[PDB]
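Okay, here we've got a single chain as structure tokens, the form deposited in one PDB entry, with questions on binding and movement later.
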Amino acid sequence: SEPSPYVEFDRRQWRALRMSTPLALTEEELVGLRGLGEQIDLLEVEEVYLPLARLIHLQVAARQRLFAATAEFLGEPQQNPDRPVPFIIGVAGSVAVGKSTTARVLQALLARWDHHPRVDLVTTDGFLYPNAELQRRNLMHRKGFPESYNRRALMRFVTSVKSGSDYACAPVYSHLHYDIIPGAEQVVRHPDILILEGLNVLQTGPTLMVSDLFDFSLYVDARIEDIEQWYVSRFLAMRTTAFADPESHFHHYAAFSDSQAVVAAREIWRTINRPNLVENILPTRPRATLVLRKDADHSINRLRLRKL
């Protein structure tokens, strides 16, 4: 009889909350959404993601009445073709934990609902300072840490979108060139649902931050030991993948041998990513609305929901 803000589910119980929700995704489309190293299949989409999509849509509708109440108080006009306040979803997790895939799969699913919602996906890597500013601030070795992002611009972007602005722009990042793409821009136009995915997104602070504007948040979790192993493996697999293309900022890596690669990946992990995870990311897991616990084989078998 010890009340809790959380409710924990094993996959076998969570799958039942799917109810009647239709599966509108083919094994073909899932393939194009799957990230390097991910093992998600159609069954996992069905037993884990479908009930997630249902939970979200139930909340989107209810969350709108809350903002409408504030609008009615201020006496601000609900004029023209009524445009809903965007619903903002934060997706966080460590590097290589698979949050990229999760965000993409969730977008596809959320968009294929009867009322055809406009669902955008924005990765926060577009707000990392360009390498120039990075090495000009002596932060090239802290890329991924909270200080490597233009927190002001990020906050300004999300505030703009949720305030109901007609359009807002976000910088575009290129993982290949390991840097910001000069002049490139992603345009977001009053979406019904905006999904923001990144390492930092749930970070709280002495000031109001982007996480305070989230209407729902998910954390992609795994044992730190397992994440390290996925990191190292994706690293090796990239030698014949991204590191292959000459433009790659890490071409010199595509040549490494299985032995050197492992030693190289583990250090980058030990000195840069692991510290960031432990110090900045893991501390936000307690506040996430929904935690997705992955197992050694990438499979999500456990979930923790905040009902309070």
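One rule holds for the numbers: they count along the sequence shown, beginning at 1. For clarity, a rigid core is taken as the largest C-alpha set superposing within 1.5 Å between two forms.
One more form of this protein should be noted, the form deposited in another entry, which is absent from this view; the next part is about it.
Comparing C-alpha positions between this form and the one not shown after a rigid core fit, one residue in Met155, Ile181, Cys169, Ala71 moves 2 angstroms or more. It is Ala71.
Relative to the superposed core, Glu279 undergoes a Cα shift smaller than 2 Å between this form and the one not shown. With the core held fixed, the Cα of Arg136 is displaced between this form and the one not shown by less than 2 Å.
For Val31, a C-alpha deviation of 2 angstroms or more is recorded between this form and the one not shown after rigid-core alignment. Inter-residue distance, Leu36 to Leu139 (Cα): increased by at least 3 Å in the other entry versus the depicted form. Wider separation of the C-alpha atoms of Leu36 and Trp269, by 3 angstroms or more, is seen in the other entry than in the present form.
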